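Visitor: can't give you the sequence, but here's the structure:
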Ligand SMILES: [Ca+2]
């Protein structure tokens, strides 16, 4: 997250870190057994880390649970990142508590102009590299479809939305991928892509979770 703020420990209790020997993506806990993340975060061998604040210090509220199954969306296209969504099943259910909690799936799609909370352990620099240890947060508005398409001509599908600031300075970034965009208390987006981070006229692009709720619900009823 570039241009964000330190969330505060366990104030985003649905945020997970995906670990394959190191943090590599975020995710969102949607019930005690299942995480939503980006399909481009697929790796074999994933351990889900819940209750994290500093990802490099065991502070006492973590739950580390191996994935048993990962399910990339059936129509995921890694070239365009259309349908950039994946489900991860935990080997055992998390213990839900004040620091480890699920986020609701949406009923309706969020609106342009709504301010959402984006979070993660990704790079904090637009130019260059610096990865924080503690979780970072950013409030960013959903942009109109027209603005999004103008920013990325020929690249935005109905399964994507833009959020952020066209002047630059504030955005998600590498290492935030797969993490949550929460608007009106529901999971409306997944950190997916963007041209650089926080550059002028190049807002973040996020997977439109409201289009996936029936797939998520039938998949978790079946696995
Ligand atoms: Ca920790």
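Guide: Cool, got the structure. Numbers count the residues shown, from 1 in each chain.

Visitor: where exactly do the strands run in this protein?
Guide: 5-6, 15-19, 23-31, 34-37, 47-50, 63-72, 86-90, 115-120, 136-141, 160-163, 180-183, 186-193, 204-208 (DSSP state E).

Visitor: Residues contacting the fourth one, please?
Guide: Meaning strand 34-37. 16, 18, 25-30, 48, 67, 85-90, 178-179, 187, 190, 209, 216, 220 (CB atoms under 8 Å, 6 or more residues apart in numbering). All C-beta atoms are positioned from the backbone trio N, CA, C, and that covers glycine.

Visitor: try the longest one
Guide: Taking CB under 8 Å, 6+ apart as the criterion, the residues outside strand 63-72 that touch it are 19, 35, 39, 42, 44, 46-51, 86-92, 94-95, 100, 219, 223.

Visitor: Quick test: name the residue nearest the centre of this protein.
Guide: Taking CA atoms, centre = their mean, the centroid of the chain lies closest to residue 179, which sits 1.6 Å from it.

Visitor: Who are the contact partners of the spatially closest residue to that residue that is not a sequence neighbour?
Guide: Leaving aside its chain neighbours, residue 179 sits nearest to residue 26 (2.5 Å; criterion: CB to CB, 6 or more residues apart in numbering). Residues near residue 26 by CB under 8 Å, 6+ apart: 15-18, 37, 119-122, 176-180, 191.

Visitor: can you count the residues close to the nearest residue to residue 217 once chain neighbours are set aside?
Guide: In space, and not counting its chain neighbours, residue 217 is closest to residue 105: 7.7 Å by CB to CB, 6+ apart. By other CB atoms under 10 Å, 18 other residues sit near residue 105.

Visitor: now swap in residue 75 and tell me
Guide: 11.

Visitor: hang on, it packs against residue 83?
Guide: Yes. If you go by CB atoms under 8 Å, residue 75 and residue 83 touch, sitting 4.5 Å apart.

Visitor: quick revisit: please identify the most buried of the strands of the chain.
Guide: Mean neighbours per residue, mean count of other CB atoms under 10 Å, is largest over the strands of the chain for strand 204-208, with a mean of 28.

Visitor: quick check: domain ranges of the chain?
Guide: Domain assignment for the chain by curated CATH domains gives 1-12+103-210, 13-102+211-222.

Visitor: quick one: the longest one to chain centroid distance?
Guide: So that's domain 1-12+103-210. 8 Å (CA atoms, centre = their mean, to the nearest Å).

Visitor: Help me see whether that domain makes contact with the ion, please.
Guide: No. Using CB under 5 Å from the ion, domain 1-12+103-210 stays clear of the ion, with a minimum separation of 8.5 Å.
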